[PDB]
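Engineer: Structure of the sequence below:
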Amino acid sequence: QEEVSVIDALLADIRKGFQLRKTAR
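Structural biologist: Numbering: from 1, shown residues only. See below for the structure:
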């Protein structure tokens, strides 16, 4: 279980943004 690369973490990063992707007002 060695460390991963940025390319992998990035996939998860955006996933977090999708939650509050909607910017309605």
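
Engineer: in what helix or strand does the most centrally placed residue in the chain lie?
Structural biologist: Among the residues of the chain, the smallest C-alpha distance to the mean C-alpha position (CA atoms, centre = their mean) belongs to residue 13, namely 1.7 Å. Assessed by DSSP states H and E, residue 13 sits inside helix 6-19.

Engineer: how close does residue 19 sit to residue 12?
Structural biologist: Distance from residue 19 to residue 12, counting by CB to CB, to the nearest Å: 12 Å. Using the backbone N, CA and C atoms, a C-beta is placed for each residue, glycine as well.

Engineer: What about residue 24, how many residues nearby?
Structural biologist: Around residue 24 there are 3 other residues, counting by other CB atoms under 10 Å.

Engineer: ok, now which ones touch it?
Structural biologist: For residue 24, the set of contacting residues under the criterion of CB atoms under 8 Å, 6 or more residues apart in numbering is empty.

Engineer: separation between it and residue 15?
Structural biologist: When distances are taken as CB to CB, residue 24 and residue 15 turn out to be 20 Å apart.

Engineer: what's the answer for residue 4, then?
Structural biologist: Residue 4 sits 15 Å away from residue 15 when distances are taken as CB to CB.

Engineer: ok, now residue 1?
Structural biologist: In this view, residue 1 and residue 15 are 21 Å apart by CB to CB.

Engineer: more crowded one of the two?
Structural biologist: Each of residue 1 and residue 15 had its neighbours counted (other CB under 10 Å), and the higher figure belongs to residue 15 (9 against 3).

Engineer: Now do the SS call for residue 3.
Structural biologist: coil (DSSP: H, G, I helix; E, B strand; the rest coil).
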